[PDB]
Amino acid sequence: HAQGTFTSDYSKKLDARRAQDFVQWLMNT
Ligand SMILES: *C(=O)CC[C@H](NC(=O)CC[C@H](NC(=O)CCCCCCCCCCCCCCC)C(=O)O)C(=O)O
């Protein structure tokens with residue numbers, strides 16, 4: 001895999017889009 005959770009920027013586009021709370025994405029769900 002390549003979650004790209006990181007390079008999701010140089011690959012998809014922007015990363016800080018979720019600001020950073022993304023960490024909660026797979027935690028508070
Ligand atoms: C902008 O939104 C880009 C287009 C679109 N974006 C999204 O889907 C939003 C996030 C984006 N895509 C992902 O969700 C893909 C991430 C991989 C799936 C998650 C697996 C679990 C992650 C576990 C993290 C463990 C930490 C390891 C250390 C790095 C993105 O990835 O940013 C898009 O096309 O996806």
# chains A, B, ... in the order shown; residues from 1 in each chain; ligands from 1

call {"tool": "residues_near_ligand", "arguments": {"ligand": "ligand 1", "cutoff": "8 Å", "atoms": "only C-alpha atoms and all ligand atoms", "output": "VMD selection string"}}
result
chain A and resid 2 to 9 12 to 15 17 to 18 26

call {"tool": "select_by_dssp", "arguments": {"residues": "chain A", "states": "alpha helix (DSSP H)", "output": "list in words"}}
result
residues 22, 23, 24 and 25 of chain A

call {"tool": "write_last_selection", "arguments": {"atoms": "C-alpha atoms", "output": "mmCIF file, in the first residue's frame"}}
result
data_model
loop_
_atom_site.group_PDB
_atom_site.id
_atom_site.type_symbol
_atom_site.label_atom_id
_atom_site.label_comp_id
_atom_site.auth_asym_id
_atom_site.auth_seq_id
_atom_site.Cartn_x
_atom_site.Cartn_y
_atom_site.Cartn_z
ATOM 1 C CA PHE A 22 -7.212 14.474 9.666
ATOM 2 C CA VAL A 23 -5.421 12.535 12.399
ATOM 3 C CA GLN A 24 -8.825 12.421 14.074
ATOM 4 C CA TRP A 25 -10.423 11.232 10.833
#
